[PDB]
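Below: the structure, in structure tokens.
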Amino acid sequence: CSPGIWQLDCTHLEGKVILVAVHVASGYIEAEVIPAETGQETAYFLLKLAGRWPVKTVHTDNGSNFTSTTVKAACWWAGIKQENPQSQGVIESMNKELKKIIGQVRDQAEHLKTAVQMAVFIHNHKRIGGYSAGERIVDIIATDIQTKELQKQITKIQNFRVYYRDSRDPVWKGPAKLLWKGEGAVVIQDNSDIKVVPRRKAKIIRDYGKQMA
Amino acid sequence: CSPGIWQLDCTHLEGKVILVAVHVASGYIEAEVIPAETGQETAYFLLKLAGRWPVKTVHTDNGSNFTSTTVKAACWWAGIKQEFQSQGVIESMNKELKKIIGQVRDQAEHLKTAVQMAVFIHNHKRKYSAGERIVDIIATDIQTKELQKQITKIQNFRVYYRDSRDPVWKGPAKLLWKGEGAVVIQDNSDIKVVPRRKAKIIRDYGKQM
Amino acid sequence: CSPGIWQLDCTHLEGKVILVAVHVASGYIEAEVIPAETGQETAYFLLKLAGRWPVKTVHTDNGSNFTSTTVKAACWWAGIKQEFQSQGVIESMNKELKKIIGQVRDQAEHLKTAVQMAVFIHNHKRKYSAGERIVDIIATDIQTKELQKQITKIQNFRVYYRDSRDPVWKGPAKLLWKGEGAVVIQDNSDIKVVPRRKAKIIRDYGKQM
Amino acid sequence: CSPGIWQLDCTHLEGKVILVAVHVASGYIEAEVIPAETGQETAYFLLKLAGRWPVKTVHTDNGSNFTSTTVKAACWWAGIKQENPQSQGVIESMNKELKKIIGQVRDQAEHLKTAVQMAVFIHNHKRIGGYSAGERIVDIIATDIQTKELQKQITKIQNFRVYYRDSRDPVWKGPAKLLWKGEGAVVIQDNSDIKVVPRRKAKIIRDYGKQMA
Ligand SMILES: Cc1c(-c2c([C@H](OC(C)(C)C)C(=O)O)n(C)c(=O)c3ccccc23)cc(F)c2c1CCCO2
Ligand SMILES: Cc1c(-c2c([C@H](OC(C)(C)C)C(=O)O)n(C)c(=O)c3ccccc23)cc(F)c2c1CCCO2
Ligand SMILES: Cc1c(-c2c([C@H](OC(C)(C)C)C(=O)O)n(C)c(=O)c3ccccc23)cc(F)c2c1CCCO2
Ligand SMILES: Cc1c(-c2c([C@H](OC(C)(C)C)C(=O)O)n(C)c(=O)c3ccccc23)cc(F)c2c1CCCO2
């Protein structure tokens with residue numbers, strides 16, 4: 001979702017147009033210099049972009065190169081799918097800030113391109129709050145990574161359907177999902193009510209025969 | 001040791017020349033394709049490479065790509081210090097890479113396109129898998145330095161305790177923990193914990209500029 | 001080396017026991033008189049002593065005064081590290097001190113009073129003189145660290161120049177000076193200066209936390 | 001003068017009264033703990049105080065111990081002579097600040113006295129403007145040291161009286177002091193006018209026969 005999204009921009013310098021690859025929350029940015037900006041050139045970056053990390057969706061306000069098929073297509077191989085005021089505000093500014101950064105080392109660099117990357121190195125590296133945006137991406141990603149596997153775990157759990165005794169005497173009530181399994185232990189919710197029960201008490205059914213696995 | 005360590009190796013390939021990044025624990029790669037090959041040309045990408053991953057050092061099969069001044073020039077901006085069967089594995093990776101490119105080669109007119117795709121495959125390739133990558137590792141590292149710092153802080157402080165029932169006062173000892181009722185510490189071989197009245201812990205000392 | 005270095009030595013004297021500070025280049029002393037002698041008691045004054053002069057290390061004739069925990073305790077708050085004919089000169093100083101006290105002894109009922117006076121005499125005693133003291137030395141030191149820092153900064157930076165008329169680019173070289181028209185640098189054995197277009201100087205690199 | 005002056009105060013803690021020795025410009029402060037405050041005790045500090053550095057004059061708003069002879073007397077052996085709103089404002093505050101500092105490490109120290117010195121160590125040591133007050137004293141002193149010797153040099157120069165030819169033909173005018181001597185070189189001011197002249201042109205007279213030296 002929002003962790004997946006990255007913001008992409010192109011601005012013109014010395015005629016030559018810069019390639020900008022902002023990360024929406026982490027702010028890690030990858031930018032690249034192409035002798036000429038083209039939808040063609042745009043794609044080459046994207047492949048690497050997906051390669052550094054997965055993006056569900058990427059944003060550009062207008063489509064001059066994105067609309068171009070090679071770009072739309074590239075998005076499909078990645079499966080990245082082309083596209084909050086506060087989030088909105090940061091991007092133009094994000095583009096703006098690097099230039100300011102860029103100017104400082106321009107005298108520092110023979111080649112403007114050589115300079116821009118340096119400009120970017122610092123931006124990821126520069127920082128009492130935060131460890132710098134670049135550091136943030138690794139984390140944001142990390143938390144998500146756990147999440148996804150966990151979600152998957154959750155999904156796995158969701159399928160199975162519970163059988164419960166409750167008191168040893170009572171008539172049965174419709175089956176519920178199982179939150180957790182311990183030996184002699186099960187956790188489920190009949191409707192909204194949560195109860196834990198012993199193994200001999202409850203049998204746990206596999207939800208899917210015929211699964212392709 | 002391995003974290004923050006990346007390996008780049010010369011690639012011989014049909015047509016244009018490209019070089020591929022390796023982070024050894026992830027095996028992660030961020031290769032780029034260059035029409036012209038010089039360690040220098042290599043540098044521009046490398047400069048891009050460090051930002052995505054701070055890399056402490058790199059070990060090179062060939063001095064010559066390393067020898068070019070500009071290449072060292074990159075090392076310094078980075079503060080990267082060149083790291084003067086595992087290489088065969090990196091090689092194997094390169095090999096794997098080559099194979100991968102081939103599988104998808106038909107799909108793309110341009111070799112470069114293929115290579116990135118190839119990069120993609122190694123990347124996010126299920127297998128506990130390489131694809132998930134070292135991000136978890138980097139995070140653990142991000143977490144790691146602070147702990148190393150806090151412990152280093154605990155290490156920095158010197159705490160002076162008196163064995164209970166002993167007028168003689170015990171030498172400063174590395175403190176394991178601080179508690180308002182009691183703080184835990186080891187002098188060297190023997191570790192003891194005492195109540196606040198029994199011992200005192202200096203606040204700061206000046207060193208390190 | 002000598003600046004920031006002070007020597008304290010055990011004093012045997014009539015009545016009460018006092019110990020005297022020495023800064024070797026100044027020969028400056030800030031002795032105090034203690035009814036009870038322990039390295040510990042010594043410490044309270046020492047703690048006072050460091051503030052007036054940061055002292056890096058002290059060399060002691062006797063381990064025992066040094067051995068007491070509290071004494072080491074003082075060393076650490078200071079970050080002072082005990083420094084495990086010149087000693088005879090310090091001794092001579094002590095001797096001189098003793099004599100000095102005697103000259104004025106008659107004037108004062110209390111031995112302590114005399115000693116301070118004695119301290120005063122060594123102090124501000126004309127002779128290029130000790131009395132003017134190391135203050136000039138301390139100042140030069142205060143000035144010194146910043147220069148060592150600025151040079152260290154110049155040392156930190158690496159500058160890359162191309163010999164004029166040479167496509168081959170010269171390895172980074174320690175830069176002696178920066179000029180908008182030209183900057184001065186030495187690679188190692190040979191030192192050359194070039195115009196800004198001929199060479200480039202990286203802005204910063206990251207190291208030292 | 002003002003470099004010479006130091007500010008001295010006594011405040012009461014735990015009944016016991018602290019001894020405070022502020023430096024007017026440098027702010028370096030020496031303070032000492034006396035089991036009991038007395039004019040007697042006060043003196044002991046002063047001797048050391050003059051000993052660390054010379055003070056022309058020292059300040060206390062009221063005289064309970066200073067008025068005491070032993071204190072006045074002590075001042076004479078040192079030759080220190082007992083006694084600007086901004087300068088005035090800093091002292092009470094100076095006394096106030098250390099206490100705040102003192103409290104922090106009080107838990108740090110078994111003995112309050114042990115603590116106060118530490119409190120002071122920091123105050124001299126703690127610092128983008130300045131190198132910290134303590135560092136300042138060494139400097140302020142240093143500049144003064146040069147000054148005094150220089151003044152002395154000046155005084156030496158002042159005594160001598162100049163004889164000048166000016167043009168080789170002209171009648172002479174009253175003698176002036178000599179600012180500087182170079183071989184074949186002399187600098188003097190006849191009244192307010194400054195002129196430089198050759199040796200053969202001008203003779204330089206020693207100002208004092210009968211000097212005790
Ligand atoms: C085919 C192709 C193209 C594509 C190409 C390719 O070369 C590029 C340098 C443009 C990446 C290629 O090697 O095939 N080419 C050459 C095209 O002519 C083209 C035309 C229309 C749409 C896509 C491409 C563009 C892509 F970004 C892309 C792909 C496939 C994988 C996902 O990304
Ligand atoms: C300047 C420079 C150079 C360098 C350059 C630069 O342009 C490249 C296209 C080679 C990156 C530059 O913009 O100055 N150039 C042009 C040189 O001529 C050069 C010569 C000797 C050593 C380094 C460079 C090479 C580097 F690897 C490098 C840097 C700066 C950052 C750290 O790494
Ligand atoms: C605490 C302490 C001690 C210390 C003390 C202290 O009181 C003295 C009167 C001895 C200075 C204190 O106030 O705590 N005390 C009381 C101890 O009992 C003690 C025992 C072992 C080691 C040091 C001290 C000794 C020191 F040299 C010292 C310090 C702190 C600053 C650095 O130097
Ligand atoms: C005599 C004396 C006294 C003095 C003393 C002396 O002992 C002190 C501990 C008080 C310093 C001394 O050793 O003589 N004594 C003991 C007195 O009784 C006394 C009485 C009146 C005035 C001064 C002193 C006080 C001083 F601060 C002092 C001097 C002389 C040198 C300058 O300073």
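Order determines the names: the first chain of the structure tokens is A, the second B, and so forth; residues in each chain are numbered 1 upward, and ligands are numbered 1 upward as they are shown.
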query: Can you list, as a list in words, every protein, DNA or RNA residue that comes within 9 Å of residue 53 (chain D) when you count only C-alpha atoms, leaving out same-chain residues fewer than 2 positions away?
result: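 Contacts, with the query itself left out: residues 123 and 124 of chain C; 4, 48, 49, 50, 51, 55 and 141 of chain D.
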query: Counting only C-alpha atoms, which residues from chain A have an atom at most 9 Å from any atom of chain B, and could you show them as a PyMOL selection string?
result: chain A and resi 28-32+44+47-48+50-54+77-78+113-114+117-118+120-125+131+134-135+137-139+141-143+145
Kindly assemble as CSV a list of the chain D residues that lie within 6 Å of ligand 3, each paired with its nearest atom pair and their distance in Å to one decimal, using only C-alpha atoms and all ligand atoms, sorted first by chain and then by ascending residue number.
residue,atom,partner,partner_atom_place_in_ligand_line,distance
D:109,CA,ligand 3,13 (O),4.4
D:110,CA,ligand 3,13 (O),3.7
D:111,CA,ligand 3,13 (O),3.8
D:114,CA,ligand 3,13 (O),4.6
Write a file of the just-selected residues containing N, CA and C atoms, as a short mmCIF file (atom, residue, chain, number, x, y, z; two decimals), in the first residue's frame.
data_model
loop_
_atom_site.label_atom_id
_atom_site.label_comp_id
_atom_site.auth_asym_id
_atom_site.auth_seq_id
_atom_site.Cartn_x
_atom_site.Cartn_y
_atom_site.Cartn_z
N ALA D 109 27.39 12.41 44.58
CA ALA D 109 28.39 12.48 45.64
C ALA D 109 27.98 12.20 47.08
N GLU D 110 28.72 11.34 47.79
CA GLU D 110 28.50 11.06 49.22
C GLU D 110 28.63 12.34 50.02
N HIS D 111 29.68 13.10 49.74
CA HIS D 111 29.99 14.28 50.53
C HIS D 111 29.65 15.49 49.72
N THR D 114 32.45 17.06 48.30
CA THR D 114 33.12 16.31 47.26
C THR D 114 32.44 16.72 45.99
#
Env. residues ligand 4 / 9 Å / only C-alpha atoms and all ligand atoms / as a PyMOL selection string: (chain C and resi 105-114+117) or (chain D and resi 39-47+68-78)
- request: Using backbone DSSP assignments, extract all alpha helix (DSSP H) residues from region 4-200 of chain D; output them as a ChimeraX atom specification.
  value: /D:39-52,69-78,85-104,112-125,133-159
Within 10 Å of ligand 2, counting only C-alpha atoms and all ligand atoms: which residues, as a PDB file with C-alpha atoms, in the first residue's frame?
ATOM      1  CA  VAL A 105      28.746  20.340  -4.597  1.00  0.00           C
ATOM      2  CA  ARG A 106      28.394  21.501  -8.193  1.00  0.00           C
ATOM      3  CA  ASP A 107      31.635  23.381  -7.817  1.00  0.00           C
ATOM      4  CA  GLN A 108      32.674  20.109  -6.254  1.00  0.00           C
ATOM      5  CA  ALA A 109      31.911  18.121  -9.410  1.00  0.00           C
ATOM      6  CA  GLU A 110      33.224  18.278 -13.023  1.00  0.00           C
ATOM      7  CA  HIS A 111      30.165  16.452 -14.290  1.00  0.00           C
ATOM      8  CA  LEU A 112      26.736  17.588 -13.156  1.00  0.00           C
ATOM      9  CA  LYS A 113      25.619  13.993 -13.137  1.00  0.00           C
ATOM     10  CA  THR A 114      28.618  13.022 -11.061  1.00  0.00           C
ATOM     11  CA  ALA A 115      27.397  15.634  -8.660  1.00  0.00           C
ATOM     12  CA  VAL A 116      23.756  14.709  -8.440  1.00  0.00           C
ATOM     13  CA  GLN A 117      24.401  11.200  -7.151  1.00  0.00           C
ATOM     14  CA  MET A 118      26.608  12.690  -4.519  1.00  0.00           C
TER      15      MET A 118
ATOM     16  CA  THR B  38      36.758   1.966 -17.131  1.00  0.00           C
ATOM     17  CA  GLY B  39      36.978   1.605 -13.321  1.00  0.00           C
ATOM     18  CA  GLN B  40      35.965   5.274 -13.602  1.00  0.00           C
ATOM     19  CA  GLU B  41      32.827   4.635 -15.508  1.00  0.00           C
ATOM     20  CA  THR B  42      32.326   1.952 -12.850  1.00  0.00           C
ATOM     21  CA  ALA B  43      32.610   4.634 -10.226  1.00  0.00           C
ATOM     22  CA  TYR B  44      29.503   6.639 -11.188  1.00  0.00           C
ATOM     23  CA  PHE B  45      27.290   3.662 -10.553  1.00  0.00           C
ATOM     24  CA  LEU B  46      29.267   2.769  -7.418  1.00  0.00           C
ATOM     25  CA  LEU B  47      28.635   6.155  -6.081  1.00  0.00           C
ATOM     26  CA  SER B  68      42.401   3.738 -11.653  1.00  0.00           C
ATOM     27  CA  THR B  69      42.589   6.884  -9.558  1.00  0.00           C
ATOM     28  CA  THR B  70      39.038   7.783 -10.007  1.00  0.00           C
ATOM     29  CA  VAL B  71      38.049   4.385  -8.579  1.00  0.00           C
ATOM     30  CA  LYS B  72      39.995   4.990  -5.421  1.00  0.00           C
ATOM     31  CA  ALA B  73      38.449   8.508  -5.617  1.00  0.00           C
ATOM     32  CA  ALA B  74      35.114   6.927  -5.251  1.00  0.00           C
ATOM     33  CA  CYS B  75      36.355   4.861  -2.306  1.00  0.00           C
ATOM     34  CA  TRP B  76      37.257   7.974  -0.382  1.00  0.00           C
ATOM     35  CA  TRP B  77      34.094   9.964  -0.935  1.00  0.00           C
ATOM     36  CA  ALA B  78      32.476   6.840   0.406  1.00  0.00           C
ATOM     37  CA  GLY B  79      35.169   6.499   2.974  1.00  0.00           C
TER      38      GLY B  79
ATOM     39  CA  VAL C 159      42.578  16.728  -3.435  1.00  0.00           C
ATOM     40  CA  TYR C 160      42.808  15.424  -7.017  1.00  0.00           C
ATOM     41  CA  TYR C 161      44.857  17.412  -9.592  1.00  0.00           C
ATOM     42  CA  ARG C 162      45.924  16.789 -13.204  1.00  0.00           C
ATOM     43  CA  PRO C 167      45.648  13.741 -19.431  1.00  0.00           C
ATOM     44  CA  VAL C 168      46.849  11.317 -16.668  1.00  0.00           C
ATOM     45  CA  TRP C 169      45.346  12.558 -13.387  1.00  0.00           C
ATOM     46  CA  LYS C 170      47.538  12.974 -10.278  1.00  0.00           C
ATOM     47  CA  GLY C 171      46.701  10.894  -7.136  1.00  0.00           C
ATOM     48  CA  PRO C 172      45.141  12.815  -4.194  1.00  0.00           C
ATOM     49  CA  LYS C 198      43.517  21.692 -13.152  1.00  0.00           C
ATOM     50  CA  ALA C 199      42.355  19.990  -9.939  1.00  0.00           C
ATOM     51  CA  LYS C 200      39.243  19.322  -7.760  1.00  0.00           C
ATOM     52  CA  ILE C 201      38.957  19.019  -3.937  1.00  0.00           C
ATOM     53  CA  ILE C 202      36.106  16.853  -2.538  1.00  0.00           C
ATOM     54  CA  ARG C 203      33.937  18.749  -0.042  1.00  0.00           C
ATOM     55  CA  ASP C 204      33.528  16.236   2.901  1.00  0.00           C
ATOM     56  CA  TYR C 205      33.795  12.436   3.631  1.00  0.00           C
TER      57      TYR C 205
END
task: For residue 185 (chain C), work out the shell of residues within 7 Å, counting only C-alpha atoms and skipping chain neighbours fewer than 6 positions away, then give it as a VMD selection string.
output: chain C and resid 173 to 177 191 to 193
message: Residues near region 192-196 of chain A, anyone? I mean within 10 Å using only C-alpha atoms, not counting same-chain ones fewer than 5 positions away, as a PyMOL selection string.
response: chain A and resi 164+166+176+178-181+184-187+202
task: Enumerate the residues of region 12-207 of chain C with a DSSP assignment of strand (DSSP E), computed from the backbone, and present them as JSON, numbers by chain.
output: {"C": [17, 18, 19, 32, 33, 34, 57, 58, 81, 82, 159, 160, 161, 162, 169, 170, 171, 172, 173, 174, 175, 176, 177, 182, 183, 184, 185, 186, 191, 192, 193, 194, 195, 199, 200, 201]}
- prompt: How many Å separate CA of residue 154 (chain D) from CA of residue 126 (chain C)?
  reply: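 We find that CA of residue 154 (chain D) and CA of residue 126 (chain C) lie 19.5 Å from each other.
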query: Counting only C-alpha atoms, what is within 9 Å of residue 98 (chain C), bar same-chain residues fewer than 3 positions away, as a list in words?
result: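 Counting only the stated atoms, we get residues 13, 93, 94, 95, 101, 102, 103, 115 and 118 of chain C.
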May I have the residues from that selection written out with C-alpha atoms, as a PDB file, in the first residue's frame?
ATOM      1  CA  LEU C  13      56.843  18.044  57.391  1.00  0.00           C
ATOM      2  CA  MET C  93      61.478  22.370  44.238  1.00  0.00           C
ATOM      3  CA  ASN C  94      59.996  20.757  47.292  1.00  0.00           C
ATOM      4  CA  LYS C  95      63.258  21.516  49.007  1.00  0.00           C
ATOM      5  CA  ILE C 101      58.377  28.340  54.168  1.00  0.00           C
ATOM      6  CA  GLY C 102      61.098  28.663  56.773  1.00  0.00           C
ATOM      7  CA  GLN C 103      62.073  32.145  55.742  1.00  0.00           C
ATOM      8  CA  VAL C 115      53.146  27.163  53.197  1.00  0.00           C
ATOM      9  CA  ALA C 118      55.683  29.812  50.386  1.00  0.00           C
TER      10      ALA C 118
END
Spatial neighbours of region 18-25 of chain D, 8 Å, only C-alpha atoms, chain gap at least 5 places, as an mmCIF file with C-alpha atoms, in the first residue's frame:
data_model
loop_
_atom_site.group_PDB
_atom_site.id
_atom_site.type_symbol
_atom_site.label_atom_id
_atom_site.label_comp_id
_atom_site.auth_asym_id
_atom_site.auth_seq_id
_atom_site.Cartn_x
_atom_site.Cartn_y
_atom_site.Cartn_z
ATOM 1 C CA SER D 2 39.155 44.724 35.725
ATOM 2 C CA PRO D 3 41.448 41.779 34.667
ATOM 3 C CA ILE D 5 39.413 41.834 39.945
ATOM 4 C CA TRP D 6 37.736 38.562 41.177
ATOM 5 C CA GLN D 7 34.331 38.225 42.872
ATOM 6 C CA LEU D 8 34.083 36.403 46.195
ATOM 7 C CA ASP D 9 30.834 35.070 47.812
ATOM 8 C CA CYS D 10 29.698 32.802 50.644
ATOM 9 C CA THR D 11 26.253 31.042 50.510
ATOM 10 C CA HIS D 12 24.822 28.590 53.069
ATOM 11 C CA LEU D 13 24.269 24.909 52.282
ATOM 12 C CA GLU D 30 37.398 28.568 42.783
ATOM 13 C CA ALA D 31 35.190 27.588 45.703
ATOM 14 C CA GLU D 32 36.106 25.735 48.852
ATOM 15 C CA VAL D 33 34.270 23.997 51.664
ATOM 16 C CA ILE D 34 35.186 24.923 55.254
ATOM 17 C CA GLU D 37 32.720 29.709 57.695
ATOM 18 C CA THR D 42 38.229 33.066 54.534
ATOM 19 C CA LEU D 49 43.588 32.710 45.609
ATOM 20 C CA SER D 87 29.030 42.867 35.531
ATOM 21 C CA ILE D 91 27.610 37.547 40.261
ATOM 22 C CA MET D 94 27.041 33.078 39.232
ATOM 23 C CA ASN D 95 26.388 31.992 42.780
ATOM 24 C CA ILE D 137 41.024 33.168 32.136
#
